[PDB]
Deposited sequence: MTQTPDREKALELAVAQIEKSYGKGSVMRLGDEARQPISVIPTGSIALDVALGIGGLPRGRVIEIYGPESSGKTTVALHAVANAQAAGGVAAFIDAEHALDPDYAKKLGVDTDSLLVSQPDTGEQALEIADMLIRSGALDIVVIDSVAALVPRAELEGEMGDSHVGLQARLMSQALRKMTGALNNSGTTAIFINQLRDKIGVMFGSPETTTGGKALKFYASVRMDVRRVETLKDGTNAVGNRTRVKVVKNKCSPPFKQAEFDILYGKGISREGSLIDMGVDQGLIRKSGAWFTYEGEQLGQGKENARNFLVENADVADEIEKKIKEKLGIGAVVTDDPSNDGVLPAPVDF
C-alpha cells in the first residue's frame, strides 16, 4: 500500500517531532550513531545498546539482584569515561564500594569524586550541583533503595520516597541534557525499578548472574547476562552476555571473541579459534589469554567488529 507507507512515514515523523527522536522505532531499525558514547567494557553489551555504549546527557538505570554485576557495569562506565579524559562522581548510600577492585578493572579512584550523603534529597541535590557545573562526564548514584528521605530519618508522609525521585528527576533531566553528563542510577530488585526512574531513564538495563565460571575446580568469576529492557536511543529488548572475572572485572577480551565468532570475523577449526588465517588459541581461555597478551590484535578485532556493525 504505497498510499499507506507515506501515511505511516508521516505519522512516525509527527510522533518523532512532537515527542523527540526515539519515541517510536521498528525493532529491526539501525541505530542513529551519536558523536560520543561511554563504552561499557563489553562489546556485546555495546552492540546491544545499538549506539556502542551508554548515551551522554541521559538518565540510565542499571538494576538486578545482589551479586549480579550491576555495580561492575557502572564502574566500567566510570573507567572508560575517565580513560577519555572525563571526570566522574560516585554518590554512595550503600557504603559497599571496593576501590581495589575498582582500580583493577580500570578506575582512576584517586580522581573519583565520592559523596556519602545523609539524606536521599541531599544525595540528589549534590548530584544536581555536580551536574550543573558542566565539569562531570558521569555520575553514579548507588543506590535508589538506600536513598532514605529526610522526614523518615528525623522521625517525622509514607510514599514520599517516590515523590522525592519524581521531583528531583524532572529537575535533574534538564540539567543532564544541557551538561552532556550521564547519570547512572544503580537499583536493587529484591525499589524494583524506581517509578519515576522507569520513565525518565533513556536506558534501563537488567543485570543477572547466569552461571559460575569454572576455574578447573574453583570459581574464577561469573557469566553475566544483561537485557536492555528500555532504550530510547536504539531498538530495545536486546541482550548480551559476558564474563565478570573475580578481581579483574568484565573480560573485554572474552567479549571480543564472542562477538568475533558471532559476526564470522573469527572462525572455528575444531576447538581452535582463528582470525585472519592466524590462530588465537585452543579453547576460549587461551584465545582470551592471547588477546590480553596481544593488545594490538585485540584492538584490530575490536576495530573490525565495530566497522562491520553500526559503530
Where are the holes in the model when you compare it to the deposited sequence?
-> 1 to 3, 160 to 163, 198 to 209, 331 to 350
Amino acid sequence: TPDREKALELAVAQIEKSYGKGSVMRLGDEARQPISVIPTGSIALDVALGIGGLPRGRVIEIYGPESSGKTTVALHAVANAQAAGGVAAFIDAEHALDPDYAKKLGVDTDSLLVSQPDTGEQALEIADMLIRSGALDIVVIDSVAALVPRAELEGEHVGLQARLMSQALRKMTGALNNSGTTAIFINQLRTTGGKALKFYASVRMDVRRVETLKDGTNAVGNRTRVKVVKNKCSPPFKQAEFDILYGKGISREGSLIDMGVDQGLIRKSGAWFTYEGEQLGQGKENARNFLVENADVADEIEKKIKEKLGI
From here on, numbers count along this sequence of modelled residues.
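If you superpose the two forms and keep the largest set of C-alpha atoms that fall within 1.5 Å, you have the rigid core.
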With the rigid core held as the alignment frame, decide whether 267 to 275 or 59 to 67 lies farther from the shown form in 8 other deposited structures of this protein, in terms of RMS C-alpha distance.
-> 267 to 275
With everything overlaid on the rigid core, name the stretch, 172 to 180 or 157 to 165, whose CA atoms wander farther on average in 8 other deposited structures of this protein.
-> 157 to 165
Counting the other entries of this protein, is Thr191 left out in at least a third of them?
-> yes
247 to 255 set against 280 to 288, stretch whose average Cα temperature factor tops the other in the entry = 280 to 288
State which stretch shows the higher mean Cα B factor in the entry: 63 to 71 or 265 to 273.
-> 265 to 273
Largest Cα B-factor, entry values, listed residues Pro236, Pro99, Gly85, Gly194 = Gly194
Compare the CA B factors listed in the entry for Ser202, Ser143, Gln161, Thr181 and report the winner.
-> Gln161
Of the three thirds of Cα B-factor ranks in this chain, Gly106 occupies the lowest
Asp128 CA temperature factor, ranked by third within the chain | middle
Would you mind checking where the Cα B-factor of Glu94 ranks among the modelled residues of its chain, as the lowest, middle or highest third?
-> lowest
Binned into thirds over the chain's modelled residues, the C-alpha B-factor of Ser42 lands in the lowest
Against its chain's modelled residues, does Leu113's Cα B factor rank lowest, middle or highest third?
-> lowest
